[PDB]
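Residues per chain are reported as follows:
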Amino acid sequence: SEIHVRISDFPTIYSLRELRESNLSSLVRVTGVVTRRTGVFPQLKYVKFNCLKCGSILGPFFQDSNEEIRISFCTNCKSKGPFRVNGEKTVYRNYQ
Amino acid sequence: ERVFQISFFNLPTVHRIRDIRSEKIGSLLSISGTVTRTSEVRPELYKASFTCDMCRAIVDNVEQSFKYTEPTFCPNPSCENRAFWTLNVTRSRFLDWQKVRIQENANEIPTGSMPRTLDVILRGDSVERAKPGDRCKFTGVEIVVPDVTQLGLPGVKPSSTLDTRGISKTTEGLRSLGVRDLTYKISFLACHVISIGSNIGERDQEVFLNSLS
Amino acid sequence: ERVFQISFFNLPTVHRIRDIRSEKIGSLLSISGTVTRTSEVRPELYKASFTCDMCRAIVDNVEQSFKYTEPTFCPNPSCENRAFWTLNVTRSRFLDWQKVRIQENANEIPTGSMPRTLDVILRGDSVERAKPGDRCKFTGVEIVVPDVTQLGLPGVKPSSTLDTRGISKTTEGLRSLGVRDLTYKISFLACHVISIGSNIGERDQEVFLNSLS
Ligand SMILES: [Zn+2]
Ligand SMILES: [Zn+2]
Ligand SMILES: [Zn+2]
């Protein structure tokens, strides 16, 4: 249910010292030596919520990697009540 | 857009007010009766306009099916909430509406029964063609109208629960559901009104002579 | 719109890092110093774009005066609230920003004093023209930067109370006010950077010979 496209052989090559704000929100190819890496963490991908008033599990929503997503309507209680994320039904992707 | 109305007339049979049955609901039919009460011409919400409460963008031409409805689509991409709206009365489109109460004719009344009444709704050009105290033939659709009166009546009254079979639930903790009554009374929505003479069988004479052949 | 920067140079006098006084804040001036630390080139919020939280319409090109600001005008007629906004980073406009730390030169240091440092900000084309361990002459404006460090220092620190003389009040019932500290340290914002030789008085030879007359 997901295909990631890997762009190869981007022509322009930037060094890390010459990155400016014009490169922001744009594609960049840079060279470098890896110094340290973190552990692999689960990041929310298809987020599933449950309403505390009703207990029903509300349908999954795709999570943007840029920002946190939130929910305000229940569709079963028709309420803006406290919604909790349950990790049992939530789908995750790897993050490093 | 001009609102068009089709008026049917000259139905082969005219039905008595006591011949009204539940199988004719939603069907074209003709009734006759004596007009006893008529109401003021009023506006009815035909094509409403709403604004989503947090989007605050305008939408229009939402159809109203008898009792007042609100849209849940909201094609504006700003919101993620469907239920919350507000309605403005100025941008909304309206239709003419009149409720006239009719009664059983004297010869139509059974042997020991009291006369029974019926509220028939006139819309558009049919409004104000009925006057108190005359016999009118209405052609229209037999409709059904919500009625809270039938609460204390004997017999099982149909109710309407929301079915919960395909909803996944968890007992996480912190069980309420809504049920609505299905109680109704038969009404009439007349597209055509013709006034039969109150007898068994306009001041200017030039107007009167033009009607005669 | 293109962001234009004016770089002034060849000022008649160059000031030592210890000659910096509060009278020169907001004035064009030249300093010299040894670059000890340089930072990564970073984006600075020049012209931000916000959306009002309940209007949810976009506005842009709001100028930023050093510390982060939010507009209170909101020319959208939908809201009646000025304070509540949110900022998007993608539609915003940014600038080069580099903080380089400079130190007193060895000959400029007084008889028994330790060397003192100064953080000077480079923007636009002036970034990365300063390298650790060389003597640089910076021309720019002496600016002032908020500093929470001065809390425990002796002496009266200026504070900023809101004045309440033209506000009508009632003691209806159901007295809190906000005061902020005015504590600052002197910094430099250099429009021009020139690197004096670290000595008292580019690998290709064709590049080198072109520089010489
Ligand atoms: Zn719920
Ligand atoms: Zn909406
Ligand atoms: Zn606003």
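For this deposited structure, the header cites cryo-EM as the method used and 2.52 Å as the resolution.

Chemist: In this structure, what is going on with the overall build of chain A? I would like to understand it.
Modeler: Across its full length, chain A holds zero helices and four strands. Reading the secondary structure of chain A in the N-to-C direction produces β-β-β-β. Residues classed as buried in chain A amount to 24% of the 96 residues present. Taken as two groups, the 15 positive and 8 negative side-chain charges of chain A have centres that lie 8 Å from each other.

Chemist: Just checking my understanding: could you explain the coordination of the zinc ion (ligand 1) for this structure?
Modeler: A metal bound by six donors in octahedral fashion has ideal angles of 90 or 180 degrees, whereas one bound by four tetrahedral donors has an ideal angle of 109.5 degrees. Residues and elements named next belong to chain A. The zinc ion (ligand 1) binds to the protein through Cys 51 (SG), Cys 54 (SG), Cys 74 (SG) and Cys 77 (SG); the donor distances cover 2.3 Å. For the zinc ion (ligand 1), the four donor atoms in the first shell make angles of 101 to 115 degrees at the metal, so the coordination geometry reads as tetrahedral. For the zinc ion (ligand 1), the single-chain donor residues occur in sequence as C-x2-C-x19-C-x2-C. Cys 74 sits in the buried class, given a relative accessible area of 0%.

Chemist: Where do I start with the coordination of the zinc ion (ligand 2) in this structure?
Modeler: With distances of 2.3 Å, the protein atoms coordinating the zinc ion (ligand 2) are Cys 52 of chain B (SG), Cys 55 of chain B (SG), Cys 74 of chain B (SG) and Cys 79 of chain B (SG). One can describe the donor arrangement at the zinc ion (ligand 2) as irregular, given that its four donor atoms subtend angles of 81 to 124 degrees at the metal.

Chemist: Can you help me understand the nonpolar core in this one?
Modeler: One broad rule of soluble globular proteins: the nonpolar side chains tend to lie buried together. With 18 residues, the main nonpolar core has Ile 31, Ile 102, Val 120, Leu 122, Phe 138 and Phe 188 of chain C as its most contacted residues. Taken together, the elements giving at least two residues each to this core come down to strand 1 (28-38), strand 4 (85-103), strand 5 (117-123), strand 6 (135-146) and strand 9 (184-196) of chain C. In this structure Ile 102 of chain C touches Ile 17, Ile 31, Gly 33, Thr 34, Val 35, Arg 116, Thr 117, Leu 118, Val 120 and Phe 138 of chain C, once residues within four positions along its chain are discounted. In terms of nonpolar packing, the next biggest core, distinct from the first, is built from 17 residues, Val 100, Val 120, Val 127 and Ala 190 of chain B among them.

Chemist: Sorry, what's going on with the UniProt feature "zinc finger region: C4-type" in chain A here?
Modeler: Residues annotated in UniProt with the feature "zinc finger region: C4-type" correspond here to residues 51-77 of chain A. Segment residues 51-77 of chain A splits into 0% helix and 26% strand. End C-alpha atoms: 8 Å apart.

Chemist: Is there a simple way to think about the interface of chain A and chain B in this case?
Modeler: In this complex, chain A contributes twelve residues to the contact, which on the side of chain B involves twelve residues. Taking both partners together, chain A and chain B bury about 1,100 Å²; carbon and sulfur atoms supply 60% of that area. Three residues stand out in chain A for area buried against chain B, namely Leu 52, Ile 57 and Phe 73 of chain A, and they jointly supply 42% of the buried area on that side. Counting the contacts that link chain A with chain B gives one salt bridge. Salt-bridge contacts for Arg 84 of chain A lead to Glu 172 of chain B; the nearest nitrogen and oxygen are separated by 3.5 Å. Connecting chain A to chain B are four residue pairs in polar contact. Within the side of chain A that touches chain B, the residues separate by chemical class into four nonpolar, five polar and three charged.

Chemist: Before we go on, may I ask you to explain the packing of aromatic side chains in this structure?
Modeler: Here a ring pair, both rings aromatic, is described through the centre-centre distance and the interplanar angle of the planes. In the structure shown here, the tally under the stated rule is seven aromatic pairs over all chains. Measuring from centroid to centroid gives 6.3 Å for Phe 50 of chain B and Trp 85 of chain B, while their planes differ by 65 degrees, and the two rings are edge-to-face. Within this pair, whereas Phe 50 of chain B is found in strand 2 (residues 42-52), its partner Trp 85 of chain B is found in strand 4 (residues 85-103), the two being separated by 35 residues in sequence. Measuring from centroid to centroid gives 6.2 Å for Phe 50 of chain C and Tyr 68 of chain C, while their planes differ by 45 degrees, and the two rings are tilted. Linking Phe 50 of chain C in strand 2 (residues 42-52) with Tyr 68 of chain C in the loop between strand 3 (58-63) and strand 4, this pair joins segments that are 18 residues apart in sequence. Put simply, the rings of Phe 50, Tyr 68 and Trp 85 of chain B pair up and form one aromatic cluster. Above the ring of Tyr 46 of chain A, the side-chain terminus of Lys 45 of chain A is found at 5.7 Å from the ring centroid.

Chemist: Quick question: what am I supposed to make of the environment of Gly 173 of chain B here?
Modeler: All names here are of chain B. Residue position: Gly 173 is located in the loop between strand 7 (159-161) and strand 8 (179-181). A relative accessible area of 45% places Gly 173 in the partly exposed class. Measuring from C-alpha to C-alpha, the distance between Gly 173 and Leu 151 comes to 35 Å, with 22 residues separating the pair along the chain.

Chemist: What exactly am I supposed to notice about the layout of surface pockets here?
Modeler: Remark: the empty space left among the atoms is shown by a probe the size of a water molecule rolled over them. By volume, the largest pocket is sized at about 1,400 Å³. If you go around the largest pocket, you meet 42 residues; those closest to its centre are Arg 70 of chain A, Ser 78, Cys 79 and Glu 80 of chain B together with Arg 56 of chain C. Residue assignment for the lining of the largest pocket shows that the elements contributing at least two residues are strand 2 (57-62) of chain A together with strand 2 and strand 4 of chain C. Broken down by element, the residue count for the lining of the largest pocket peaks at six residues, all from strand 4 of chain C. Class assignment for the residues of the lining of the largest pocket results in 20 nonpolar, eleven polar and eleven charged. Looking at the second largest pocket, its volume works out to about 830 Å³. Around the second largest pocket, the lining comprises 29 residues; the ones closest to its centre are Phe 66, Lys 67, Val 144, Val 145 and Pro 146 of chain B. Counting only elements with at least two residues in the lining of the second largest pocket, the list comes to strand 4, strand 5 (117-123), strand 6 (135-146), strand 8 and strand 9 (184-196) of chain B. The element best represented in the lining of the second largest pocket is strand 9 of chain B, accounting for five residues. Here the residues of the lining of the second largest pocket are counted per class, giving 14 nonpolar, five polar and ten charged. Here the lining of the second largest pocket gathers at least three residues from each of two domains, domain 1 (14-42 + 96-147 + 183-197) and domain 2 (43-95) of chain B.

Cut-off values and rules
Residues numbered from 1 in each chain as written, not as in the entry; some residues may be left out. Chains lettered and ligands numbered in written order. Part of a larger assembly, values for the part shown. Heavy atoms only, no water. Helix = DSSP H or I, 4+ residues; strand = E, 2+ residues; numbered from the N terminus. Buried < 20%, exposed > 50% of the residue type's maximum accessible area, 1.4 Å probe, protein only. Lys, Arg positive; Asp, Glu negative; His and termini not counted. Charge placed at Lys NZ, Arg CZ, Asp CG, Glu CD. Donors = N, O, S within 2.8 Å, 3.2 Å for Na, K, Ca; no water. Tetrahedral: all angles 85-135°; square planar, octahedral: opposite > 155°, others 65-115°. Core = buried A, V, L, I, M, F, W, Y, C linked by side-chain atoms within 4.5 Å. Contact = heavy atoms within 4.5 Å. UniProt positions renumbered as here; feature names shortened; annotations may be inferred. Buried area = accessible area lost by both parts, 1.4 Å probe. Salt bridge = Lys/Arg side-chain N within 4 Å of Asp/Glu carboxyl O. Polar contact = N/O pair within 3.5 Å; in protein donor to acceptor, adjacent residues only side chain to side chain. Nonpolar A, V, L, I, M, F, W, Y, C, P; charged D, E, K, R; others polar. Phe/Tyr/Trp six-rings, centres within 6.5 Å; stacked < 30°, edge-to-face > 60°. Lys NZ or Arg CZ within 6 Å of the ring centre and 35° of its normal. 1 Å grid on protein atoms, 1.4 Å probe; cavity = no way out; pocket = protein on both sides within 12 Å on 5 of 7 lines; lining within 4 Å. Points joined across faces, edges and corners; volume = space filled by probe spheres on them. Domains from an automatic or database assignment.

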